[PDB]
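Okay, here's what each chain looks like letter by letter:
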Amino acid sequence: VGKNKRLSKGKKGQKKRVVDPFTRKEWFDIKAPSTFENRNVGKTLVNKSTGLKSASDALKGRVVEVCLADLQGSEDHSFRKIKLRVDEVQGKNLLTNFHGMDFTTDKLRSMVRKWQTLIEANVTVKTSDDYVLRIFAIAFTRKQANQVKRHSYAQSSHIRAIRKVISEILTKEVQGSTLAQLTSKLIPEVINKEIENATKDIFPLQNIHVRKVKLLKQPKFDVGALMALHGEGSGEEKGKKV
Amino acid sequence: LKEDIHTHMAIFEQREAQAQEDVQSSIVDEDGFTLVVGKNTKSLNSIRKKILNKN
Amino acid sequence: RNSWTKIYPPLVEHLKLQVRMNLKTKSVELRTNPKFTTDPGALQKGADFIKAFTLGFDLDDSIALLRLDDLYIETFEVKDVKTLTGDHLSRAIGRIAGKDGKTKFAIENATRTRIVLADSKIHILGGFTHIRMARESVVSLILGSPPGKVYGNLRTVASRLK
Amino acid sequence: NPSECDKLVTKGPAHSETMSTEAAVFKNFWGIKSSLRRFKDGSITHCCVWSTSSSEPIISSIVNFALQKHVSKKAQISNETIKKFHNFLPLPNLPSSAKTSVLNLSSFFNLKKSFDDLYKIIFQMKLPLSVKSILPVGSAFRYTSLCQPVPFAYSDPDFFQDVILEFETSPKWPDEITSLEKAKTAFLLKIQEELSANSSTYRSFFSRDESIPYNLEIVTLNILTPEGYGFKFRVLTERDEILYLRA
Amino acid sequence: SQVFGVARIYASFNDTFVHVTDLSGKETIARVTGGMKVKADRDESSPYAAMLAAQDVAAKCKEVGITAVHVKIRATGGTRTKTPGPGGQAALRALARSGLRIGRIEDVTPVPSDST
Amino acid sequence: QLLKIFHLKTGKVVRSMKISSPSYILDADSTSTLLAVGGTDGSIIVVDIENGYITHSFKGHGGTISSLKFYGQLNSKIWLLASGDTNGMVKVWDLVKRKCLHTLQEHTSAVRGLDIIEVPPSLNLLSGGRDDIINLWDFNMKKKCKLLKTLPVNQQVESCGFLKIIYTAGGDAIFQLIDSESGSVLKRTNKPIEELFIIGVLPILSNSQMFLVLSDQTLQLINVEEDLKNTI
Amino acid sequence: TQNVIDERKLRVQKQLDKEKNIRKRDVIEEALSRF
RNA sequence: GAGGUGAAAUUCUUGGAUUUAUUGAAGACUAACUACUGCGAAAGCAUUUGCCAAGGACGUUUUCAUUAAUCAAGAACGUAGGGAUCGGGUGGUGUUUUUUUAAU
């Protein structure tokens, strides 16, 4: 803080002056899976590539919370950021895979208002691979056209019907798919319109979203499958000259 | 095949719509009775084969 | 929509940036133009301008946030202190508003700041220690005090202001 | 171990100033074909490059050199079964595909890259009932085409892979099978019309189908892509299997 | 070609934090507070204190090499104010002015679902 | 904000320029009157120091810019610039025709420490890095090629090459002398008991004395011209 | 509650005027109608 | 340096406090939706799903035939009118809906 405040018996321990770590750090760049476009998402510091807690295994656990507008180049979904788990380090390029998805909180806090009721659902579902997802879904009552009453409330025995049909159909949409297919069908926001089409029979149902996919168990690595999700590659020679 | 889909859809929507309104207003039976149709059902053949299947 | 004719000229010809009123997601997006727009913080100042206006202050108050850039905008809630069940919450907002807005306007003219208050969340804009003075007067009043006593306390705080 | 069975370099020990005993072991064991290289990350490792090939695995050449250096310089290694029905697979006319291995799937991955281009183009257009899910089902997409798909190969019967697309679950589909299949032809006509409208670098031509019997009016389209591959599009509807169960 | 850090601007009570990290979250770069610039102990939550703190962070991050900052404002969360104070906007205005490209302003303040 | 102080009795700010990016590498010529400075985006301005203002721009590059070097013999007509990088590359510019001579993308980390000399226009150069590769090139005036790599095990910062043809390297508080045209460390100082390493080498009296400024705030003297004719 | 009843009167007025306006008022697309 | 206040102070912190990220465990609570709305005899009652029983209103050309009310003792638990809304039913006839899978 300053000179007049206190010594406080903790500054007597001496300071171990300077290590200058950014001369030692190293830049990697991240390659997203090829379900998206624009797979280069940015760069990451790690450590110096030495032995004794090496770089390629001090890596490969982290996540990056990138924005879907930054992945797709289209500002129609500025919300719905995703989380990519960096998994296989391969020649300066962190090959990553899908790990989660969440709305930026301003979007749902501006979606929810009073004089309407919202519906929540969430299932634990295994995909066709051995991933398991606590996949969520949010829903909202539409004020019907030519309405008069301010309310637009659900009868809470329609709520069980809407939640049953929404858990059933998104359980079907997960279980008939793999994780890459789940991302490539979640990106152009189509289970939302599928919920609205299969659920407009019972209630009018303003904008539907999914807003959360949480992975709870991962199968194995399968290096070849992860390389198949991007493109192949074979690290080979550079000249010795000594 | 464009003129084929044009002609086939043009006769099909016409016969479908006339069958739909024909089952939607088929009130008279010859002895007093009024056929219950149900909402937005499209065909007398459809309700006939449905009531044959529900045996 | 009713104040859009007075909002955008202090976003275009006074302050140098450009606006769009997106009806896609019902928002306002602001670009800065690389060709001729100066003032590298003007994007942030105009964003905070329309943020204060959509948050609830009036448009002259938001222009007062746009010019004279050192006025910030604090926000807090009724629900943090004493947990305020709904009948007492009605007592709370009625006690802060007074009668015909008179206690709120007293705090406004006293502590050189301007407040607005939603059903459970209030906002004060001004300078930073005036925000703190208004916030301690508001939290004393929402704890529940005689308005004559908070009038005398604001006489003392106005004497600190002079 | 079939994972790294055909990895074309063999990373031995790392390089330091003090030459370690395993580095000396590797030097004396390989010798004239050992080297020390930098990899792309930056580390330096003694290794041995191997010119891979399609008519062999590299383990043949490795055991050839590592026996003709150690057990005898005249001990002839004879194998011909692998060389005989390791190239009974048709050699795909690609850049350097004789030099590439057999576990390489880059022809399939190039086909899927062209499919992703077509995927984005078929999504971000507009339909009266938009695409719910387009997904491939073809043999190249399951990596079991006989020849590896080279671009512009017309005459292979496994050329036109089939991708299916399902639309939104709309109730306004017609009742009987000839009219709903004719509506599927209507939707395919719409998407090829807009495809020739906006993306002239692709092309489209229709095709009657006959494998599903007793409805001669099932029509697919086939996209000829500028990358060199073709795709056969089949529309699936929610009404189809309940129409067949009705029948 | 730009590269991106992540701000994690903490608009706490009686203090303000700014420390940009590379967008994983592990390798933090230049942790500053509101205390280590001003010398009074009364306004270590000052808007001016957060202002020159964000200026020093901008200088150090341009020294390292990151040019854009995805900015994420966090209040103190919990069963407390749940909403940024003045120090958050002060640091935001400072490092939006100081030659650093800004991306994706958010709010990552924790919400309780009625804890104690 | 670039400034220059004339070191003589007029100690006033002679010239002051507004440079684009906050820069962190400067080098003046082996002669006077040339000062090169490159920012943290791709822009390497060079300035005649007498009548101080911009004489070359050199947008040119990519990423933040690492160390660089001049090629200066008094009364020449060559006048090259070295121009290292953070993403590993060396893009050599001249100053008499404002052209990129040769683009070289071969490294893997920040290209610190590069040096240019001629041995009978031959003009061999040598570029170290935070990766452990010093990677000297032949570097003809028209079209260039490569020669040996000779790989020191350090993190080389300011590899002042071509001593009396013998290279230097620092970066673990270890001043390695390495022969050219073959690889052998032959003189190397005592590794200290700290972790702090070499920030900078500094040549005195035409590459005969060496100042060593550390990561710590100390600065040492070496006397290479005695300790090369000397082991350790 | 007065504001509630006023907003309901406004909505009923808007709906009556909307109903009043409602009462007072190529090949492949012909095949691809009704969807 | 963190904390904390009107200022402080105590405390914690180079054996790395605060902050950041990846997790894991523990108990309690059910943010926004939340209203002059719902239920219960009353106190009270807000996550989902299932089970176990119960209860209210409505519907009724179903049955019994005064079985009703009121409370000591005891017992269990702790003046007339109009608008709007919730639950049920009837009728109307437009859009949401849709069609031979069931439902309504």
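Structure: see above.
J.: Requested: an account of the environment of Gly100(A), with residues and values cited.
T.: Residue and element names in this part refer to chain A. Here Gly-100 shows up in strand β5 (residues 93-102). Sequence separation between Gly-100 and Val-64 is 36 residues; the distance between their C-alpha atoms is 9.9 Å. Setting aside anything within four residues of it in sequence, one finds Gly-100 in contact with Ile-82, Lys-83 and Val-213.

J.: Pulling in residues and values, what's your account of the pattern of salt bridges?
T.: If charged atoms from side chains of opposite charge come close, those side chains can pair. Summed over the entire model, instances satisfying the criterion amount to 30 salt bridges over all chains. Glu75(A) is the salt-bridge partner of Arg104(E), the closest N and O atoms lying 3.7 Å from each other. Here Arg104(E) is found in strand β6 (residues 101-107), whereas its partner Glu75(A) is found in the loop between α2 (68-72) and β4 (81-90) on a different chain. According to the relative accessible area criterion, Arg104(E) is partly exposed, its value standing at 27%. For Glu75(A), a relative accessible area of 52% translates into the label exposed. Between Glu7(G) and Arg11(G) there is a salt bridge whose closest N-O contact spans 3.5 Å. With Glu7(G) and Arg11(G) both in helix α1 (residues 2-24), this residue pair falls 4 residues apart, about one helical turn. The exposure class assigned to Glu7(G) is partly exposed, which follows from its relative accessible area of 24%. Beyond isolated ion pairs, a larger network of salt bridges with shared partners links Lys172(A), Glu173(A), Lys185(A) and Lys132(D).

J.: Now, about the packing of helix α1 (residues 47-64) of chain E against helix α2 (residues 86-97) of chain E: what can you tell me, with residues and values included?
T.: Residue and element names in this part refer to chain E. Interhelical geometry of α1 versus α2 gives an angle of 35° and a closest axis separation of 8 Å. With respect to the hand of their crossing, α1 and α2 are arranged in right-handed fashion. Contact residues: α1 offers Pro-47, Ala-50, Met-51 and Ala-54, while α2 offers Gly-87, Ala-90, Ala-91, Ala-94, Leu-95 and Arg-97. When its residues are assigned to classes, the contact of α1 with α2 shows 8 nonpolar, 1 polar and 1 charged.

J.: Outline the protein's contact with RNA strand H, supporting the account with residue identities and numerical values.
T.: Every one of the 65 residues lining RNA strand H counts as a neighbour, but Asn14(E), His19(E), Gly25(E), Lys26(E) and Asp114(E) are closest to it. Sugar plus phosphate: this is where 71% of the atoms of RNA strand H within 4 Å of the protein reside. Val1(A) places a polar main-chain atom, nitrogen or oxygen, 2.7 Å from a phosphate oxygen of RNA strand H. One of the side-chain nitrogen or oxygen atoms of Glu44(E) is found 2.9 Å away from a base oxygen of RNA strand H. Elements that contribute at least two residues to the surface near RNA strand H include exactly α4 (159-175) of chain A together with α2 (44-53) of chain B. For the surface near RNA strand H, the element with the most residues is α2(B), which contributes 4 residues. Here the residues of the surface near RNA strand H sort into 12 nonpolar, 18 polar and 35 charged.

J.: So what's going on with helix α1 (residues 2-24) of chain B? Which residues, and what values?
T.: Between its first and last C-alpha atoms α1(B) spans 32 Å; for 23 residues at 1.5 Å apiece the expected length is 33 Å, and the two agree. Among the residues making up α1(B), those that are buried are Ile5(B), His8(B), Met9(B), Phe12(B), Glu16(B) and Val23(B).

J.: Account for a positive patch on the surface, with residues named and values stated.
T.: A surface patch of positive charge is lined by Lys238(A), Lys240(A), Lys241(A) and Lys146(F). Looking at where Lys238(A) falls in the secondary structure, it is placed in the segment after α7 (223-228). Judged by its relative accessible area of 41%, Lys238(A) falls in the partly exposed class.

Reading guide: rules and limits
- Residues numbered from 1 in each chain as written, not as in the entry; some residues may be left out.
- Chains lettered and ligands numbered in written order.
- Part of a larger assembly, values for the part shown.
- Heavy atoms only, no water.
- Helix = DSSP H or I, 4+ residues; strand = E, 2+ residues; numbered from the N terminus.
- Contact = heavy atoms within 4.5 Å.
- Salt bridge = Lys/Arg side-chain N within 4 Å of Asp/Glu carboxyl O.
- Buried < 20%, exposed > 50% of the residue type's maximum accessible area, 1.4 Å probe, protein only.
- Axes fitted to C-alpha atoms, helices over the stretch in contact; angles between N-to-C directions.
- Left-handed = near helix turned anticlockwise from the far one by under 90°.
- Nonpolar A, V, L, I, M, F, W, Y, C, P; charged D, E, K, R; others polar.
- Near = heavy atom within 4 Å.
- Polar contact = N/O pair within 3.5 Å; in protein donor to acceptor, adjacent residues only side chain to side chain.
- Expected span 1.5 Å × (residues − 1).
- Patch = residues over 30% accessible without salt bridge, like charges linked within 9 Å, V, L, I, M, F, W, Y side chains within 5 Å.
- Areas by Shrake-Rupley, 256 points an atom, 1.4 Å probe, with all protein chains shown as cover.
- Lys, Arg positive; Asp, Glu negative; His and termini not counted.
- Charge placed at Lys NZ, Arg CZ, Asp CG, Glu CD.

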